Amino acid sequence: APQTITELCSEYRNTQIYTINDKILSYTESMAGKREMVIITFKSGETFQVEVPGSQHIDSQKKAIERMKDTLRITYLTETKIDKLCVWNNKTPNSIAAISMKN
């Protein structure tokens, strides 16, 4: 199994690493039908989403998507710095696949 977010990110297609090294600026959360999602933005404009579950995802991802959202909320509320993001870049805004935080 991978050691880093970078090797892990490298196993899928349509992905790339973003080096952020900054806390999240804004957090948006929606329960609107067909739009149950989460969106984060960074000071320099970058915007990422945690997509609404759907057919693209596998059953194992269902529990993982929920965990990712819980993660983004506590991180924002604590103003915790995000190191890197592994995002699928075939979606607008880009979709979050993995995240890392460094101390």
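Sequential numbering from 1, following the sequence displayed.
Looking at mean Cα B-factors across 67 to 75 and 37 to 45, the upper value is held by 37 to 45. In this entry, the higher average B-factor at the C-alpha atoms falls on 3 to 11, of the pair 3 to 11 and 94 to 102. Remark: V50 belongs to the lowest third of its chain, ranked by C-alpha B-factor as recorded. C86 sits in the lowest third of its chain by CA B factor, as recorded in the PDB entry. The deposited CA B-factor of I24 belongs to the lowest third of values across its chain.
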